[PDB]
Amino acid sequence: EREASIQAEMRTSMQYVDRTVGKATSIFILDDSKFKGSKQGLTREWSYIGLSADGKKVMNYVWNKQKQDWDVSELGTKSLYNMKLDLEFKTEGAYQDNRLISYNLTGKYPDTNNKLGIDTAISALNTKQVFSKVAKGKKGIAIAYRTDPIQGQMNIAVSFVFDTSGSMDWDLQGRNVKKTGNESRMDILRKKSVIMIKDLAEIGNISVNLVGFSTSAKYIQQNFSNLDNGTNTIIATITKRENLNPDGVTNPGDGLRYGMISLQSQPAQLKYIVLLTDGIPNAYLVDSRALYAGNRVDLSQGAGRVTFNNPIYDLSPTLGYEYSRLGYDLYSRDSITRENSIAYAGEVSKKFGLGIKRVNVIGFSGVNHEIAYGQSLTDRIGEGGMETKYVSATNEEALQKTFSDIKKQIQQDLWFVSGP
């Protein structure tokens, strides 16, 4: 009967873990790629709990800061008879507003096959910033944590790229705001992106600029405002009504070009495009090289479109517009022009998207067919190799939810990259 106090020792060890875990303000569950025992591999300023190399002790590497090292201490009180241990952590949903965690701490007795310990014990955490870095179907055998915030996070740049075509004067259902009573799409976009800015502000260390696009793109605010120095200057731009004035067609490639090149010139380590469009892509710019012979066919007066038989997209870092370089279809019905408009955005993404963490695309229309190429546009932008995500917002509160979700997801990239 050496069992009785081995089981008591494992339980007290687990209470030790739960005690120190209960004081953490951020938690990462780790698999054996970022913890092997040791201190070889430990990311600085993160404290850790996990099993020894020999697998026989539960230990706690605490961050020193003043000695800038780890204070290797065993969590527990006594030997365990050179027994080898199995330690596993797991998130397990929530109880009210608390996130749950499960602990496993077992091991078979010397040279018996009697399992000892706790197969699973549920506890609750005091932080909502609990993250998993367990790839694969790996087990997850260790934890990294902090008890005080991470001081000095990364910088984040967000380029907003907003459709300003003429359709943005109608209401979400595509009816005239004078005959219905509703706000215009642009009215709703102004309000809901002001909200999104104040929400982004809370993350801290986060700058934004504003690109408009319709027939072609324009910087509404070209340089990046840090919100920690004031929400004020950009909210003035978004709500000033000589700005974002609806007019033109839909040239998302050019908008994306302005967005991505301005992001390339920002130092931030997390970079984002938030692209909002309310219509079928129906415009693109060509390089001057494409102005030859019978390449440009001008059906503009009797069909409402100008197309290029062989488009060479305007991929220049020199940002310019000329009517002679414009492919477009005012009726958004010609399959070729639509294809060329979507492909332009993909070519722009491949050239200009190298540093970019994610492109979010928002289809913002209550009219089904106007956003029927939102996913298609996003997928083409995805050829540039970054993460992409398409969302449709068909009413005023879908948009505010999509904005909030995008904030929540940037906050989580930030947490995840500051992590161990």
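Counting begins at 1, following the sequence as shown.
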- Query: So which stretch wins on mean C-alpha B-factor, 346 to 354 or 129 to 137?
  - Reply: 129 to 137
- Item | Mean temperature factor over C-alpha atoms, higher-scoring stretch between 29 to 37 and 368 to 376 | 29 to 37
- Which one of 112, 251, 184, 332 shows the biggest C-alpha B-factor in the PDB entry? 112
- Query: Of 119, 278, 322, 169, which one's C-alpha B factor is largest in the deposited record?
  - Reply: 119
- Third of chain Cα B-factors occupied by residue 146: highest
- Item | Chain thirds of CA B-factor: placement of residue 392 | lowest
- Third of chain Cα B-factors occupied by residue 267: middle
- Note on the structure: So, residue 257's CA B-factor, relative to its chain, sits in which third? The lowest
- Sort the modelled residues of this chain by their C-alpha B factor and say whether residue 284 lands in the lowest, middle or highest third. lowest
